[PDB]
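Student: I have a structure I would like to understand better, so I am pasting it below and will then ask my questions one at a time.
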Amino acid sequence: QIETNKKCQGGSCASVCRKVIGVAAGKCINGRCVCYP
């Protein structure tokens, strides 16, 4: 899991990770964005 030190986009980071790596898998852990490639 790619735990990036980014702020969550509301409640998750799916759209964030969809931009970063491509997949729309990303959740808000500790206020950070963990992408799931």
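Sequential numbering of the sequence shown, starting at 1, is according to the entry's author numbering.
All residues carry an ideal CB built from backbone N, CA and C; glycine is no exception.
How many angstroms separate the CA atom of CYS8 from the CA atom of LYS27?
Tutor: Rounded to whole angstroms, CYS8 to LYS27 spans 8 Å at the Cα level.
Student: For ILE29 and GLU3, which I take to be in contact (beta-carbon distance under 8 Å), what is that distance rounded to the nearest angstrom?
Tutor: Indeed they touch by this definition, with Cβ atoms about 7 Å apart.
Student: Going by C-alpha to C-alpha distance, which of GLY31, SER12, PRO37 sits closest to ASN5?
Tutor: Closest option to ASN5, Cα to Cα, is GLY31.
Student: Rounded to whole angstroms, what's the CA-CA distance from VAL34 to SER12? Just pull it up for me.
Tutor: Between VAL34 and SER12, the C-alpha separation is close to 9 Å.
Student: Cα separation between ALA25 and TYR36?
Tutor: Using only the alpha carbons, I get a separation of about 5 Å.
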